[PDB]
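Numbering (PDB author numbering), first residue to last: 1 to 190. Note that CB positions come from ideal geometry on N, CA and C, so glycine has one too. Following: one structure in structure tokens, then a few remarks.
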Amino acid sequence: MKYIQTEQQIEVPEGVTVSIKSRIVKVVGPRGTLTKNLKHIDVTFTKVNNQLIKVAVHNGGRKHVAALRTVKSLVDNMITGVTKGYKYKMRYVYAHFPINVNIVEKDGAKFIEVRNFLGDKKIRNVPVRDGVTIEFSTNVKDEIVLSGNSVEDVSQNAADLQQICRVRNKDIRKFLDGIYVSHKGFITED
RNA sequence: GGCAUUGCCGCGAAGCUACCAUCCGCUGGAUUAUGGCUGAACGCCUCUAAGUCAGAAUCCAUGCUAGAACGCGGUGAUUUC
Ligand SMILES: [Mg+2]
Ligand SMILES: [Mg+2]
Ligand SMILES: [Mg+2]
Ligand SMILES: [Mg+2]
Ligand SMILES: [Mg+2]
Ligand SMILES: [Mg+2]
Ligand SMILES: [Mg+2]
Ligand SMILES: [Mg+2]
Ligand SMILES: [Mg+2]
Ligand SMILES: [Mg+2]
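Here it is as structure tokens:
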């Protein structure tokens with residue numbers, strides 16, 4: 001319909017420096033730093049008062065101003081990931097064969113190996129994305145916690161660890177076996 | 001020794017040859033289908049719209065064959081008593 005001017009509202013908390021050049025966003029907070037390259041969107045960022053940044057689309061169609069809230073959510077995810085962090089908790093689900101998941105070291109690359117998935121002799125290796133740290137929960141049975149600054153890195157590494165444990169040639173409604181995301185949340189949240 | 005249009009029989013080196021004999025037949029990337037991540041549109045949801053992950057005997061390379069006789073390069077020597 002070619003909307004005149006659409007606005008979204010990125011709120012910047014304390015301790016967080018959101019420095020935006022052309023369309024390269026750099027968010028520095030207590031937990032670290034994150035950099036996004038939003039050069040594929042055609043939006044305009046304006047800082048209001050050091051706690052608020054507007055992002056705007058001028059003369060945008062429906063598919064263009066659909067990407068404005070995506071951009072606002074992406075920079076909000078950067079801000080949330082460098083303030084509170086991100087923490088995805090996965091559970092191992094098996095029927096008979098226990099899934100033995102360890103973290104292994106292969107010429108300095110930090111894989112997660114999965115052995116005995118449905119009695120396979122195949123060792124399923126999932127590399128750990130940089131920024132993502134892996135721990136295995138004590139006092140919660142069969143839980144792996146992937147945490148980091150980037151929701152994209154953390155959630156894609158969790159998705160990789162899930163997708164490596166897919167069941168082939170079987171009814172997957174009965175063979176419900178794998179590693180699944182049971183929780184998405186933050187590191188220091190209350 | 002000759003001739004029998006290589007006279008015939010047995011063995012027969014060399015050469016040629018046989019899945020009738022042996023040897024050899026490479027591994028990276030990009031993808032489709034599909035399953036996903038982040039995520040709006042549509043305050044929710046959503047693999048999709050922006051962005052992105054994995055992935056077929058596919059595709060393109062690595063490898064292999066020919067080398068443009070009007071594609072190119074490096075280098076040697078370049079004529080007399
Ligand atoms: Mg069957
Ligand atoms: Mg005669
Ligand atoms: Mg004779
Ligand atoms: Mg043959
Ligand atoms: Mg989602
Ligand atoms: Mg797709
Ligand atoms: Mg797309
Ligand atoms: Mg890929
Ligand atoms: Mg290669
Ligand atoms: Mg030639």
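Report task. Measure the C-alpha to C-alpha separation of residue 103 and residue 64 and round it to an integer number of angstroms. Result -> Locating residue 103 in the first sequence gives position 103, where the first residue counts as 1. Locating residue 64 in the first sequence gives position 64, where the first residue counts as 1. Between the alpha carbons of residue 103 and residue 64 lies a gap of roughly 43 Å.
Residue 178, buried or exposed, once every other Cβ within 10 Å from all chains shown has been counted against 16:
Stepping through the first sequence from its first residue, residue 178 is reached at position 178. Classification of residue 178: buried, given that the 10 Å Cβ count is 16 or more.
Exercise. Between residue 181 and residue 90, what straight-line distance do the alpha-carbon atoms span, to the nearest angstrom?
Worked result: What you label residue 181 is simply residue 181 of the first sequence in a count that begins at 1. What you label residue 90 is simply residue 90 of the first sequence in a count that begins at 1. Answer to the nearest angstrom: the Cα atoms are 4 Å apart.
DSSP three-state call for residue 47: helix, strand or coil? Taking the first residue of the first sequence as position 1, residue 47 is located at position 47. Looking at residue 47 - three-state DSSP - the assignment turns out to be strand.
Q) What are the boundary residues of the beta strand (DSSP E) that residue 118 is part of? A) The residue labelled residue 118 in the question sits at position 118 within the first sequence. Going by DSSP, residue 118 is part of no beta strand (DSSP E) at all; its letter is neither H nor E.
Residue 58 versus residue 5 - alpha carbon distance: Here residue 58 corresponds to residue number 58 of the first sequence, with the count starting at 1. Here residue 5 corresponds to residue number 5 of the first sequence, with the count starting at 1. For residue 58 and residue 5, the distance between alpha carbons rounds to 5 Å.
What are the boundary residues of the alpha helix (DSSP H) that includes residue 78?
The sequence position of residue 78 within the first sequence is 78, counting from 1. In the DSSP assignment, residue 78 falls within the unbroken alpha helix (DSSP H) covering 62 to 83.
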